[PDB]
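These are the residues of each chain, in order.
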Amino acid sequence: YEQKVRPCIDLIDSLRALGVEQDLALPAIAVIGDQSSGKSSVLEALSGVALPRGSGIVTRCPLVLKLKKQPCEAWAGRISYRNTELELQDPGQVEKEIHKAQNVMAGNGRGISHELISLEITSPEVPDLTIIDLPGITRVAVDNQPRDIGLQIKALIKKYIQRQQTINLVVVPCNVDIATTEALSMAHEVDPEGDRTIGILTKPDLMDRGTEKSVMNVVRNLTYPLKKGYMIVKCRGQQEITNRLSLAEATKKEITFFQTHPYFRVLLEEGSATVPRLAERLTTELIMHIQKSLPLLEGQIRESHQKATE
Amino acid sequence: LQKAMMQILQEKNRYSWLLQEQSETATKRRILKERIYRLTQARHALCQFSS
């Protein structure tokens, strides 16, 4: 039941702060996708505020998005890697600060860095769960570098995704082939069945012609190797992100768009249900990965006492 | 048993999962490559000094 599953999540969060980030098969929701796929745009619809689209901007370093749900009025804060706890106050102030963080953490833009940032939002309107945003796979050279920066990103990703209880969340534009998409190849190396891999659809606003519709018919009947199927996230208009109009209104504007056109109605209901459940699906998977992991977590820690003490 | 291990080869999607990275031995394989290479071309330069 609802109350008592909260602090089981808060244990893993306690572990990932206080305990060792290396080795340990820690429960964790991982986001995979390419720089300009809008994997940031999913988490911005998901929470309300997150890193700007701008001129081609995605995260350059692992960004921990902690979402907490409580009744009183919302708040934001980020913990820096230099041991500094920063209060941003209201969640509208979040975009301005995070863009600075990235820019600093990566060495004034260098494109890669494996130093964490840990962001928290507590608000009434967000699902309460923890998603980790790994740097988005760039397809062009970052600044004047002697790199090869996208390769360095892949190397960071493979390390996170290979652990058992890591949930693999893959983000695919609806008119682009899933099978083709680098993120799903990468996750096929750590998951060939499709068991802990989830596929989330983005960009339904560029489907105009029937070539697009034929790709939608194919993911409907699901010939791609996913066993937890697919979810459809509405990726939010240039005005909505710019002005920041509420997630209670956006719940109404997301749900409205899919229901009214019948083809979308069909893709949506086939894939899961008429009322999107992605958060409650992710919460279900998270808590099922946690409560099978308690003997294994107890045992890694106990073991690593004896290895390092010798 | 021998005949049974040839049954494993028949799938062509499992190659990258059957190979799954450790990955700190692999992380070290690049460093060791260098270090022995560097000790070689060190032993070579020195070999030529006394010859």
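The structure we're discussing is the one just above.
Residues numbered from 1 in each chain as written, not as in the entry; some residues may be left out. Chains lettered and ligands numbered in written order. Part of a larger assembly, values for the part shown. Heavy atoms only, no water.

Peer 1: Just checking my understanding: could you explain the overall build of chain A for this structure?
Peer 2: Across its full length, chain A carries eleven helices and nine strands. Relative to the compact-globule value of 19 Å for 310 residues, chain A shows a C-alpha radius of gyration of 19 Å, a close match. Seen through its C-alpha atoms, chain A measures out along the principal axes to roughly 65 × 50 × 40 Å. Here chain A holds 310 residues, and 47% of them are scored as buried. Sequence-distant contacts in chain A: of pairs separated by 6 or more residues, those separated by 24 or more amount to 77%. Per element, the accessible surface of chain A, about 16,200 Å² overall, is 53% carbon and sulfur. (Helix = DSSP H or I, 4+ residues; strand = E, 2+ residues; numbered from the N terminus. Rg over C-alpha atoms; globule rule 2.2 N^0.38 Å. Buried < 20%, exposed > 50% of the residue type's maximum accessible area, 1.4 Å probe, protein only. Contact = heavy atoms within 4.5 Å. Areas by Shrake-Rupley, 256 points an atom, 1.4 Å probe, with all protein chains shown as cover.)

Peer 1: Looking at this model, I keep getting lost on the interface of chain A and chain B. Mind explaining?
Peer 2: It is common to report an interface's size as the accessible area lost on association of the parts. Taken together, the eight residues of chain A in the interface contact ten residues of chain B. Summed over both sides, the interface of chain A with chain B buries roughly 770 Å², with 36% coming from carbon and sulfur. Per-residue buried area on chain A facing chain B is highest for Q162, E189 and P192 of chain A; these three make up 53% of the total on that side. Remark: the boundary between chain A and chain B carries three salt bridges. For the salt bridge of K159 of chain A with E24 of chain B, the shortest nitrogen-to-oxygen distance reads 2.8 Å. Taken together, chain A and chain B are joined by five residue pairs in polar contact. Elements that contribute at least two residues to the side of chain A that touches chain B include exactly α4 (149-161) and α5 (182-190) of chain A. In terms of residues, the side of chain A that touches chain B owes the most to one element, α5 of chain A, which gives three residues. Residues belonging to the side of chain A that touches chain B are distributed by class as follows: two nonpolar, two polar and four charged. (Buried area = accessible area lost by both parts, 1.4 Å probe. Salt bridge = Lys/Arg side-chain N within 4 Å of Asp/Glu carboxyl O. Polar contact = N/O pair within 3.5 Å; in protein donor to acceptor, adjacent residues only side chain to side chain. Nonpolar A, V, L, I, M, F, W, Y, C, P; charged D, E, K, R; others polar.)

Peer 1: Where do I start with a nonpolar patch on the surface in this structure?
Peer 2: A contiguous nonpolar patch, built from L1, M5, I8, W17 and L18 of chain B and spanning about 560 Å² of accessible area, is present on the exposed surface. Along the chain, the position of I8 of chain B falls in the loop between α1 (2-7) and α2 (15-18). (Patch = residues over 30% accessible without salt bridge, like charges linked within 9 Å, V, L, I, M, F, W, Y side chains within 5 Å.)

Peer 1: What is the right way to look at the environment of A74 of chain A in this model?
Peer 2: Residue and element names in this part refer to chain A. Mapped onto the elements of the fold, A74 is located in the loop between β2 (63-69) and β3 (75-80). Given a relative accessible area of 26%, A74 falls into the partly exposed group. For the pair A74 and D90, spaced 16 residues apart in sequence, the C-alpha to C-alpha distance is 6.5 Å. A74 has contacts with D90, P91, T122, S123 and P124, leaving out every residue within four places of it along the chain.

Peer 1: For this particular structure, what's the right way to read the packing of helix α8 (residues 247-260) of chain A against helix α9 (residues 262-271) of chain A?
Peer 2: Any two packed helices are characterised by how steeply their axes cross, that is the angle between the axes, and by the distance between the axes. Residues and elements named next belong to chain A. The interhelical angle for the contact between α8 and α9, taken along N-to-C directions, is 110 degrees, at an axis separation of 5 Å. By the angle class used here, α8 and α9 are roughly perpendicular. Contacts between α8 and α9 involve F258, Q259 and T260 from the first element and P262, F264, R265 and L268 from the second. Per-class residue counts for the contact of α8 with α9 are four nonpolar, two polar and one charged. (Axes fitted to C-alpha atoms, helices over the stretch in contact; angles between N-to-C directions. Parallel < 35°, antiparallel > 145°, perpendicular 65-115°, else oblique.)

Peer 1: What's the story with the sheet that holds strand β1 (residues 28-32) of chain A in this structure? I'm lost.
Peer 2: Note on sheets: strands pair through backbone hydrogen bonds, and any given pair is parallel or antiparallel. Residue and element names in this part refer to chain A. Strand order across the open sheet formed by nine strands is β4-β3-β5-β2-β6-β1-β7-β8-β9, with mixed pairing between neighbours. Of all strands in the sheet, those bounded by a partner on one side alone are β4 (84-89) and β9 (230-232). Across the sheet, the mean angle from the axis of one strand to that of its neighbour is 25 degrees, orientation sign disregarded. Pairing of strand β8 (residues 197-202) with β9, which is carried by three bridges, proceeds in the parallel orientation. (Pairing = 2+ DSSP bridges.)

Peer 1: What is the right way to read the pattern of salt bridges from this model?
Peer 2: It is possible for side chains bearing opposite charge to pair when their charged atoms get close. All names here are of chain A. Applying the stated criterion across every chain yields a total of 33 salt bridges over all chains. Between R53 and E44 there is a salt bridge whose closest N-O contact spans 2.6 Å. Ionic contacts of the salt-bridge type, sharing partners, join the residues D10, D13, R16 and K68 into one network.

Peer 1: Explain the side chain of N168 of chain A to me, please; I cannot follow it from the model alone.
Peer 2: Summarising the element assignment, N168 of chain A is placed in strand β7 (residues 166-173). Since its relative accessible area comes to 0%, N168 of chain A is described here as buried.

Peer 1: Help me understand the pairing of strand β6 (residues 130-133) of chain A in this model?
Peer 2: In the case of a regular strand, side chains alternate between the two sheet surfaces. Residues and elements named next belong to chain A. The side-chain alternation of β6 yields two buried faces, one formed by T130 and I132 and the other by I131 and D133. Across three bridges, β1 lies against β6 in parallel orientation. Residue pairing across strands places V31 opposite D133, the latter belonging to β6. Pairing geometry for β2 and β6, over four bridges, is antiparallel. The partner of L65 across the bridge, within β6, is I131.

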